[PDB]
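A.B. asks: okay, structure incoming, though there's no sequence with it:
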């Protein structure tokens, strides 16, 4: 039973990992916007 | 320019901090997804002696 519950939360955490990357890439674009101005 | 520099520092501070915060969880999940293979063997192992306990009773029936 613990095999599936732990693995399911890993995917949710891995989903958050992609979400963090999206914010990171957007922050670089926001940084580029600040650089241009 | 100070407002933009403060904005640049605010963005850059979060930018690098989020990268470290994300990579520490990402590399931890790389071991966690490998632990899923261990959990696959764990599920295999736990059910194995459960059937052995059944087999501990089953061969007694013979």
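C.D. replies: Good, I have the coordinates. Numbering: from 1, shown residues only, chains lettered A, B, ... in the order given.
A.B. asks: tell me the spacing between the residue most central in space within chain B and residue A:3.
C.D. replies: Nearest to the geometric centre of chain B sits residue B:32, at 2.5 Å (C-alpha atoms, centre = their mean). Relative to residue A:3, residue B:32 is positioned 12 Å away (C-beta to C-beta, to the nearest Å). Yep, even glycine has a C-beta here, placed from its N, CA and C like the rest.
A.B. asks: can you pull the buried residues of the helix or strand hosting residue A:8?
C.D. replies: Here residue A:8, judged by DSSP states H and E, is contained in helix A:2-36. Buried positions in helix A:2-36, judged by neighbour count with 16 or more other C-beta atoms under 10 Å in any protein chain shown: A:3, A:7, A:10, A:14, A:17, A:20, A:24, A:27, A:30-31, A:34.
A.B. asks: is any residue of that helix near chain B?
C.D. replies: Yes - using C-beta under 8 Å from any C-beta of the partner chain as the criterion, contacts between helix A:2-36 and chain B involve A:2-3, A:6-7, A:10, A:13-14, A:16-17, A:20-21, A:23-24, A:27-28, A:30-31, A:34-35.
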